[PDB]
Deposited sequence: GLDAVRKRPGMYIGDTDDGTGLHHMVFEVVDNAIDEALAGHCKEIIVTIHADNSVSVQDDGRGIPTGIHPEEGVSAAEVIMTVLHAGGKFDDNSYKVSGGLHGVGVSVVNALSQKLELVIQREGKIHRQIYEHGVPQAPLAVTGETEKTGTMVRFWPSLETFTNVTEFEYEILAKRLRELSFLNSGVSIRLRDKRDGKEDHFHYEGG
């Protein structure tokens, strides 16, 4: 990830006008799109993307020797590893094979291995990220309508996916489904 950290604008887009900032969300959503996705803008200016999919794989990657999810998050669509690298904090929650798994990153650095924290009957993946204010300048707050515009376009192209957008700062919400 040091290549990304070294030139963030080249991977995520302009880090001063809000372009790159919002592309962080779009990258995560893109990965989720591969049946309901919920994008939430939190009051602390983090965004979370949840789905009810199968959950990303949690087993150890036989080559890298860490969880497959960690490989996805830390090894170079630009890839969610870019989002992770440029987030001061990122929380990953995977519900899969009857288990809830959690992991925290800071600036792309895992704080511990992906760990089983409980049981569940649901499946899905949740990523919540806090963009690094060391990288993103000037425009540092998410603009609802920038997200809504893109998610609407995506909903038309991905006919079987329901997309919800929620703003916890002011209660605004939308539901894109084609």
| item | value |
| --- | --- |
| Segments lacking C-alpha coordinates (deposited sequence numbering, starting at 1) | 1, 36 to 42, 85 to 102, 205 to 207 |
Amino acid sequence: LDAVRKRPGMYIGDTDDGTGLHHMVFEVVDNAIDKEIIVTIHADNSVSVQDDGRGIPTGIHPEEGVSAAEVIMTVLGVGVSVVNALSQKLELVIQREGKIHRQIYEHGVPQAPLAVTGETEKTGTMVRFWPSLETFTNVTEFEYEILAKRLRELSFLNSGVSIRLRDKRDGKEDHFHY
From here on, numbers count along this sequence of modelled residues.
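Here, rigid core means the biggest group of C-alpha atoms that superpose within 1.5 Å across both forms.
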property: Stretch farther from the shown model on average in 9 other deposited structures of this protein, with CA RMS computed after core superposition (99 to 107, 78 to 86); result: 78 to 86
property: Greater mean Cα temperature factor according to the PDB record, 103 to 111 or 77 to 85; result: 77 to 85
property: Higher-B stretch (mean Cα B-factor, as the entry records it), 66 to 74 or 140 to 148; result: 140 to 148
property: Ranked against its chain, the third holding the CA B-factor of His42; result: middle
property: Chain-wide C-alpha B factor ranking for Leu157, given as lowest, middle or highest third; result: middle
property: Within-chain third of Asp51 by Cα B-factor, per the entry; result: middle
property: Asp30 by Cα B-factor - lowest, middle or highest third of the modelled chain; result: middle
property: CA B-factor placement of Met24, once the chain's modelled residues are sorted into thirds; result: lowest
